[PDB]
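Student: See input-v2.cif below, with mmCIF, N, CA and C atoms.
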data_upload
#
loop_
_atom_site.label_atom_id
_atom_site.label_comp_id
_atom_site.auth_asym_id
_atom_site.auth_seq_id
_atom_site.Cartn_x
_atom_site.Cartn_y
_atom_site.Cartn_z
N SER A 3 137.88 77.27 121.74
CA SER A 3 136.61 78.06 121.74
C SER A 3 136.31 78.71 120.38
N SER A 4 135.07 78.58 119.92
CA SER A 4 134.51 79.44 118.82
C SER A 4 133.90 80.61 119.52
N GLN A 5 134.20 81.83 119.06
CA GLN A 5 133.67 83.02 119.71
C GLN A 5 133.74 84.24 118.85
N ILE A 6 132.83 85.16 119.11
CA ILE A 6 132.92 86.49 118.59
C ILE A 6 133.56 87.32 119.69
N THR A 7 134.55 88.13 119.30
CA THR A 7 135.15 89.12 120.23
C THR A 7 135.19 90.45 119.47
N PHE A 8 135.45 91.56 120.17
CA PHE A 8 135.47 92.90 119.59
C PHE A 8 136.84 93.55 119.84
N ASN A 9 137.58 93.90 118.80
CA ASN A 9 138.74 94.74 118.94
C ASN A 9 138.31 96.21 118.94
N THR A 10 138.51 96.88 120.06
CA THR A 10 138.05 98.22 120.19
C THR A 10 139.18 99.12 120.74
N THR A 11 139.23 100.34 120.23
CA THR A 11 140.18 101.39 120.62
C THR A 11 139.43 102.71 120.62
N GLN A 12 140.05 103.75 121.15
CA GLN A 12 139.41 105.05 121.19
C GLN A 12 140.49 106.13 121.19
N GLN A 13 140.20 107.23 120.49
CA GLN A 13 141.03 108.43 120.44
C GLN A 13 140.07 109.61 120.69
N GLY A 14 140.00 110.09 121.93
CA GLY A 14 138.96 111.09 122.26
C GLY A 14 137.58 110.47 122.32
N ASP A 15 136.63 110.93 121.50
CA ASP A 15 135.27 110.36 121.42
C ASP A 15 135.10 109.50 120.15
N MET A 16 136.17 109.43 119.36
CA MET A 16 136.27 108.59 118.18
C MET A 16 136.58 107.14 118.61
N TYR A 17 135.67 106.23 118.25
CA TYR A 17 135.78 104.80 118.56
C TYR A 17 135.82 103.96 117.32
N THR A 18 136.84 103.10 117.23
CA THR A 18 136.95 102.05 116.22
C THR A 18 136.59 100.69 116.81
N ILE A 19 135.55 100.04 116.23
CA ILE A 19 135.10 98.67 116.54
C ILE A 19 135.23 97.65 115.41
N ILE A 20 136.12 96.67 115.58
CA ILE A 20 136.39 95.56 114.66
C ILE A 20 135.96 94.19 115.25
N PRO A 21 134.76 93.72 114.92
CA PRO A 21 134.34 92.44 115.40
C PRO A 21 135.20 91.36 114.78
N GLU A 22 135.51 90.34 115.56
CA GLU A 22 136.39 89.30 115.09
C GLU A 22 135.72 87.97 115.38
N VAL A 23 135.90 86.98 114.51
CA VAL A 23 135.31 85.68 114.78
C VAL A 23 136.38 84.65 114.62
N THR A 24 136.48 83.74 115.59
CA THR A 24 137.31 82.53 115.46
C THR A 24 136.43 81.30 115.54
N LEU A 25 136.57 80.39 114.58
CA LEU A 25 135.81 79.13 114.57
C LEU A 25 136.68 77.93 114.86
N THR A 26 136.14 76.98 115.61
CA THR A 26 136.84 75.70 115.84
C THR A 26 136.60 74.78 114.65
N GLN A 27 135.61 75.13 113.83
CA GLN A 27 135.15 74.30 112.75
C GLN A 27 135.12 75.17 111.50
N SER A 28 135.96 74.82 110.55
CA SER A 28 135.98 75.32 109.17
C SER A 28 134.60 75.25 108.48
N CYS A 29 134.10 76.35 107.96
CA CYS A 29 132.81 76.29 107.31
C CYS A 29 132.37 77.48 106.47
N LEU A 30 131.29 77.28 105.70
CA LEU A 30 130.43 78.36 105.20
C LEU A 30 129.42 78.92 106.25
N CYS A 31 129.31 80.21 106.39
CA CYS A 31 128.36 80.73 107.35
C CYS A 31 127.78 82.08 106.99
N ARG A 32 126.72 82.46 107.67
CA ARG A 32 126.07 83.74 107.45
C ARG A 32 126.53 84.58 108.61
N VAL A 33 126.90 85.83 108.33
CA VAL A 33 127.43 86.74 109.30
C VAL A 33 126.50 87.96 109.21
N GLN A 34 125.93 88.37 110.35
CA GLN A 34 125.17 89.58 110.41
C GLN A 34 125.70 90.51 111.44
N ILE A 35 125.82 91.77 111.06
CA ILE A 35 126.24 92.86 111.94
C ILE A 35 125.20 93.95 111.92
N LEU A 36 124.70 94.26 113.10
CA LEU A 36 123.78 95.34 113.37
C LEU A 36 124.43 96.35 114.27
N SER A 37 124.33 97.62 113.93
CA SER A 37 124.77 98.67 114.85
C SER A 37 123.74 99.79 114.97
N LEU A 38 123.60 100.31 116.18
CA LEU A 38 122.67 101.36 116.48
C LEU A 38 123.38 102.42 117.36
N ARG A 39 123.28 103.69 116.97
CA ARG A 39 123.84 104.87 117.66
C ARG A 39 122.71 105.89 117.80
N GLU A 40 122.43 106.31 119.03
CA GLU A 40 121.36 107.24 119.35
C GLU A 40 121.94 108.34 120.19
N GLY A 41 121.56 109.57 119.84
CA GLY A 41 122.08 110.75 120.49
C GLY A 41 120.95 111.73 120.58
N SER A 42 121.32 112.98 120.87
CA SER A 42 120.34 114.09 120.88
C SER A 42 120.09 114.64 119.46
N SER A 43 121.18 114.75 118.70
CA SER A 43 121.18 115.10 117.27
C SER A 43 120.26 114.19 116.42
N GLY A 44 120.54 112.90 116.46
CA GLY A 44 119.84 111.87 115.70
C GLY A 44 120.31 110.45 116.00
N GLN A 45 120.07 109.57 115.04
CA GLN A 45 120.16 108.12 115.10
C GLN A 45 120.89 107.64 113.82
N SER A 46 121.71 106.59 113.92
CA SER A 46 122.31 105.82 112.77
C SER A 46 122.08 104.36 113.09
N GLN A 47 121.57 103.61 112.13
CA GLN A 47 121.34 102.20 112.24
C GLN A 47 121.88 101.50 110.97
N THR A 48 122.84 100.58 111.12
CA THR A 48 123.35 99.73 110.01
C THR A 48 123.02 98.23 110.20
N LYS A 49 122.73 97.54 109.10
CA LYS A 49 122.45 96.11 109.10
C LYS A 49 123.24 95.58 107.90
N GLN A 50 124.09 94.59 108.12
CA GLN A 50 125.01 94.13 107.09
C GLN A 50 125.05 92.62 107.19
N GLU A 51 124.91 91.91 106.07
CA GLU A 51 124.85 90.45 106.03
C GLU A 51 125.79 90.03 104.96
N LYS A 52 126.56 88.99 105.21
CA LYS A 52 127.49 88.46 104.22
C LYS A 52 127.51 86.97 104.43
N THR A 53 127.66 86.19 103.38
CA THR A 53 127.93 84.79 103.50
C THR A 53 129.43 84.54 103.22
N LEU A 54 130.09 83.88 104.15
CA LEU A 54 131.50 83.84 104.16
C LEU A 54 131.94 82.39 104.32
N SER A 55 132.92 81.95 103.52
CA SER A 55 133.64 80.68 103.70
C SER A 55 134.85 80.91 104.63
N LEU A 56 134.83 80.35 105.84
CA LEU A 56 135.80 80.70 106.87
C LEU A 56 136.61 79.51 107.37
N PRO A 57 137.96 79.62 107.46
CA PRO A 57 138.79 78.50 107.97
C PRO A 57 138.74 78.45 109.51
N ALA A 58 139.19 77.38 110.16
CA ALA A 58 139.16 77.30 111.62
C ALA A 58 140.44 77.88 112.25
N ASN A 59 140.38 78.19 113.56
CA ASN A 59 141.56 78.56 114.37
C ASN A 59 142.34 79.75 113.86
N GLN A 60 141.62 80.67 113.23
CA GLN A 60 142.13 81.89 112.63
C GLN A 60 141.11 82.97 113.04
N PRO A 61 141.56 84.15 113.57
CA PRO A 61 140.62 85.27 113.77
C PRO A 61 140.28 85.99 112.46
N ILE A 62 139.00 86.26 112.22
CA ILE A 62 138.60 86.96 110.97
C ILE A 62 137.96 88.22 111.41
N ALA A 63 138.48 89.34 110.87
CA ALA A 63 137.92 90.70 110.96
C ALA A 63 136.68 90.87 110.10
N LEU A 64 135.56 91.16 110.73
CA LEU A 64 134.30 91.03 109.99
C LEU A 64 133.87 92.33 109.37
N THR A 65 134.37 93.46 109.88
CA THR A 65 134.01 94.73 109.32
C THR A 65 134.61 95.66 110.30
N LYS A 66 134.62 96.95 109.98
CA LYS A 66 135.23 97.99 110.77
C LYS A 66 134.23 99.16 110.89
N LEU A 67 133.88 99.44 112.14
CA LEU A 67 132.94 100.48 112.47
C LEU A 67 133.70 101.62 113.12
N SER A 68 133.58 102.80 112.55
CA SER A 68 134.07 103.98 113.20
C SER A 68 132.86 104.75 113.72
N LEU A 69 132.74 104.83 115.04
CA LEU A 69 131.62 105.53 115.67
C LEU A 69 132.12 106.72 116.53
N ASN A 70 131.26 107.71 116.68
CA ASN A 70 131.56 108.92 117.42
C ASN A 70 130.56 108.87 118.53
N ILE A 71 131.08 108.59 119.73
CA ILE A 71 130.30 108.30 120.94
C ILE A 71 130.59 109.29 122.08
N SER A 72 129.68 110.26 122.27
CA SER A 72 129.73 111.22 123.37
C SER A 72 129.24 110.56 124.66
N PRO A 73 129.31 111.26 125.81
CA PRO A 73 128.87 110.57 127.02
C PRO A 73 127.37 110.32 127.04
N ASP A 74 126.62 111.15 126.32
CA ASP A 74 125.16 111.05 126.36
C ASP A 74 124.53 110.01 125.41
N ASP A 75 125.32 109.63 124.40
CA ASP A 75 124.99 108.64 123.36
C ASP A 75 124.79 107.20 123.84
N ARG A 76 124.02 106.43 123.08
CA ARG A 76 123.96 104.99 123.26
C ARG A 76 124.42 104.32 121.97
N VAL A 77 125.18 103.25 122.12
CA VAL A 77 125.64 102.42 121.04
C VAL A 77 125.32 100.99 121.42
N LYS A 78 124.99 100.21 120.41
CA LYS A 78 124.71 98.77 120.52
C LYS A 78 125.10 98.15 119.20
N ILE A 79 125.91 97.12 119.26
CA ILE A 79 126.42 96.41 118.07
C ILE A 79 126.13 94.95 118.35
N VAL A 80 125.45 94.28 117.44
CA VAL A 80 125.13 92.88 117.62
C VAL A 80 125.69 92.18 116.41
N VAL A 81 126.50 91.18 116.67
CA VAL A 81 127.12 90.41 115.64
C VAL A 81 126.65 88.98 115.80
N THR A 82 126.20 88.38 114.70
CA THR A 82 125.74 86.99 114.69
C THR A 82 126.44 86.24 113.56
N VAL A 83 126.81 85.00 113.85
CA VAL A 83 127.40 84.06 112.92
C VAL A 83 126.64 82.69 112.99
N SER A 84 126.04 82.27 111.88
CA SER A 84 125.28 81.02 111.83
C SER A 84 125.26 80.37 110.50
N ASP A 85 125.08 79.05 110.56
CA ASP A 85 124.89 78.18 109.39
C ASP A 85 123.44 77.55 109.31
N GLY A 86 122.58 77.97 110.22
CA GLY A 86 121.22 77.51 110.32
C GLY A 86 121.16 76.13 110.92
N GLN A 87 122.31 75.58 111.30
CA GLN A 87 122.35 74.24 111.89
C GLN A 87 122.95 74.20 113.32
N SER A 88 124.14 73.64 113.49
CA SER A 88 124.77 73.59 114.79
C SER A 88 125.70 74.78 115.13
N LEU A 89 125.92 75.70 114.21
CA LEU A 89 126.67 76.91 114.52
C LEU A 89 125.75 78.09 114.71
N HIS A 90 125.76 78.68 115.88
CA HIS A 90 125.03 79.89 116.13
C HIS A 90 125.74 80.70 117.20
N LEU A 91 126.36 81.78 116.80
CA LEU A 91 126.99 82.61 117.80
C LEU A 91 126.42 83.99 117.72
N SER A 92 126.33 84.65 118.86
CA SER A 92 125.83 85.98 118.95
C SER A 92 126.52 86.74 120.10
N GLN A 93 126.99 87.95 119.82
CA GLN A 93 127.59 88.78 120.83
C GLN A 93 127.27 90.24 120.61
N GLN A 94 127.02 90.93 121.73
CA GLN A 94 126.78 92.37 121.82
C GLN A 94 128.02 93.17 122.34
N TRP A 95 128.28 94.31 121.70
CA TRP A 95 129.13 95.39 122.24
C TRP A 95 128.31 96.71 122.51
N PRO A 96 128.55 97.43 123.64
CA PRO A 96 129.50 97.18 124.75
C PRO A 96 129.15 95.93 125.58
N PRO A 97 130.12 95.35 126.30
CA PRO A 97 129.87 94.09 127.04
C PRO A 97 128.73 94.19 128.04
#
What do you get writing this file as structure tokens?

Tutor:
Amino acid sequence: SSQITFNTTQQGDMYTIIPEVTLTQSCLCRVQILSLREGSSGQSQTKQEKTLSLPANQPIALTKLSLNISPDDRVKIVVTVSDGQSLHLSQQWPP
């Protein structure tokens, strides 16, 4: 399987999110990570794009997000990996 998965842990309301990608096919690809955090205080929105040469059958850590998530907050993280051709993966956190 080629897939995006999320390594996630928590210490109190402190959350660490590490998106990971494994490819069945060695390639060059475009990786986009979007994150959105909304609370009563305010909002944080990140958009990050990188072009990456990636080997197959190896998990790759795509970035590391440290978020502070209270019970009232919303978080959404969308990770996409594509070559504009036959590779297109997309996954959202939380599941």

Student: Can you sort out the box for segment 77-81 of chain A, edges along x, y and z, all listed atoms in, 8 Å on every side, with centre and edge lengths in Å to one decimal, as lines of an AutoDock Vina configuration file?

Tutor:
center_x = 125.9
center_y = 96.1
center_z = 118.9
size_x = 18.4
size_y = 30.3
size_z = 22.5

Student: Find the residues near residue 15 of chain A: any atom within 6 Å, counting all atoms listed in the file, skip ones fewer than 2 places away on the same chain, and give them as JSON, numbers by chain.

Tutor: {"A": [13, 17, 69, 70, 71, 72]}

Student: Which residues, named as in the file, does the PyMOL selection byres ((chain A and resi 7) around 6.5) pick out? Answer as a PyMOL selection string.

Tutor: chain A and resi 5-6+8-9+20-24

Student: Going by the chain IDs and residue numbers used in this file, which residues fall under the PyMOL selection byres ((chain A and resi 82) around 6.5)? Write them as a PDB file with N, CA and C atoms, in the frame of the given file.

Tutor:
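What follows is the written file selection35.pdb:
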ATOM      1  N   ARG A  32     126.720  82.460 107.670  1.00  0.00           N
ATOM      2  CA  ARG A  32     126.070  83.740 107.450  1.00  0.00           C
ATOM      3  C   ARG A  32     126.530  84.580 108.610  1.00  0.00           C
ATOM      4  N   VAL A  33     126.900  85.830 108.330  1.00  0.00           N
ATOM      5  CA  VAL A  33     127.430  86.740 109.300  1.00  0.00           C
ATOM      6  C   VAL A  33     126.500  87.960 109.210  1.00  0.00           C
ATOM      7  N   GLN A  34     125.930  88.370 110.350  1.00  0.00           N
ATOM      8  CA  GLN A  34     125.170  89.580 110.410  1.00  0.00           C
ATOM      9  C   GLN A  34     125.700  90.510 111.440  1.00  0.00           C
ATOM     10  N   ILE A  35     125.820  91.770 111.060  1.00  0.00           N
ATOM     11  CA  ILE A  35     126.240  92.860 111.940  1.00  0.00           C
ATOM     12  C   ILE A  35     125.200  93.950 111.920  1.00  0.00           C
ATOM     13  N   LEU A  36     124.700  94.260 113.100  1.00  0.00           N
ATOM     14  CA  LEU A  36     123.780  95.340 113.370  1.00  0.00           C
ATOM     15  C   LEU A  36     124.430  96.350 114.270  1.00  0.00           C
ATOM     16  N   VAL A  80     125.450  94.280 117.440  1.00  0.00           N
ATOM     17  CA  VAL A  80     125.130  92.880 117.620  1.00  0.00           C
ATOM     18  C   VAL A  80     125.690  92.180 116.410  1.00  0.00           C
ATOM     19  N   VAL A  81     126.500  91.180 116.670  1.00  0.00           N
ATOM     20  CA  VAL A  81     127.120  90.410 115.640  1.00  0.00           C
ATOM     21  C   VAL A  81     126.650  88.980 115.800  1.00  0.00           C
ATOM     22  N   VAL A  83     126.810  85.000 113.850  1.00  0.00           N
ATOM     23  CA  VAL A  83     127.400  84.060 112.920  1.00  0.00           C
ATOM     24  C   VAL A  83     126.640  82.690 112.990  1.00  0.00           C
ATOM     25  N   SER A  84     126.040  82.270 111.880  1.00  0.00           N
ATOM     26  CA  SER A  84     125.280  81.020 111.830  1.00  0.00           C
ATOM     27  C   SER A  84     125.260  80.370 110.500  1.00  0.00           C
ATOM     28  N   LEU A  91     126.360  81.780 116.800  1.00  0.00           N
ATOM     29  CA  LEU A  91     126.990  82.610 117.800  1.00  0.00           C
ATOM     30  C   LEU A  91     126.420  83.990 117.720  1.00  0.00           C
ATOM     31  N   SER A  92     126.330  84.650 118.860  1.00  0.00           N
ATOM     32  CA  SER A  92     125.830  85.980 118.950  1.00  0.00           C
ATOM     33  C   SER A  92     126.520  86.740 120.100  1.00  0.00           C
ATOM     34  N   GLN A  93     126.990  87.950 119.820  1.00  0.00           N
ATOM     35  CA  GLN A  93     127.590  88.780 120.830  1.00  0.00           C
ATOM     36  C   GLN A  93     127.270  90.240 120.610  1.00  0.00           C
TER      37      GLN A  93
END

Student: Using atom CA of residue 11 of chain A and atom CA of residue 41 of chain A as the two end points, give the distance in Å to one decimal.

Tutor: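 Atom-to-atom, atom CA of residue 11 of chain A to atom CA of residue 41 of chain A, that is 20.4 Å.
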
Student: As a PyMOL selection string, which residues of chain A does DSSP assign to strand (DSSP E or B)?

Tutor: chain A and resi 5-13+16-24+29-40+45-56+61-63+67-70+76-84+90-95
